[PDB]
């Protein structure tokens, strides 16, 4: 038996993470706006299998004026690697980041306590994601809920630039050519303010616009899955993708250097 009880799926490869689907078949159900307490409803994507144990859960928020159609592709992509994922609609499409932060947590609370798939979820292993203003809400949710295992703001937008109290492992994904949430005034200031004692990363998509997260994106999928695996599942099999080194090679038992050079 693997020492880590939360490991799911076979040993990862670059190819499996770049593919459109992970190893788990995915089913879906929905929660209506009326049934959703504290948010505007959503779609739940979950692994059909339960025989390998429970999974961590992730809530994903869209951005200003947007609905869950703008983040829908993330549902099957992440769930197929062994996660229960809810893509939410917000109370109103004009909600600000700090409101979206509260709705992300309300969605996780619904998943854990009242959803039809609650029995597939390990309530102690939760994460938050979001696009644009929903990425700003992801940062605020992480700051206010340090028990979260991971946070992934996608091209985030927020007026607050100081996130030095965030103790949740955070992967910020920025778009190089973003003109709506320019990385020079949003994503990068956010990352620079995160504590160095918190596991963190900043990934910038080459030549990408603010809307890159709204359609299938191999890079977003690979590193988002790797981040969630590493920190929601404590799955160190995915460190090779977040912190590559020559000793990932099976022929190399050790590699040390004074890189970068």
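Numbering follows the first chain given and starts at 1.
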Checklist entry - Of the two stretches 226-234 and 25-33, which shows the higher Cα B-factor on average in the entry? => result 25-33
Checklist outcome for this item: Per the PDB entry, mean CA B-factor is higher for 109-117 or 169-177, namely for 109-117
Next on the checklist: For the CA B factor values reported in this entry, which option in 81, 161, 149, 131 has the top one?
Outcome noted: 161
Checklist entry - Sorting the chain's CA B-factors, does residue 252 end up in the lowest, middle or highest third? => result middle
Checklist outcome for this item: residue 77: C-alpha B-factor third of its chain, per the entry, is the highest
Checklist entry - Lowest, middle or highest third of the chain for the C-alpha temperature factor of residue 16? => result highest
Checklist entry - If you rank every modelled residue in this chain by C-alpha B factor, which third holds residue 205: lowest, middle or highest? => result middle
Next on the checklist: Quick check on the deposited entry: does the C-alpha B-factor of residue 56 sit in the lowest, middle or highest third of its chain?
Outcome noted: lowest
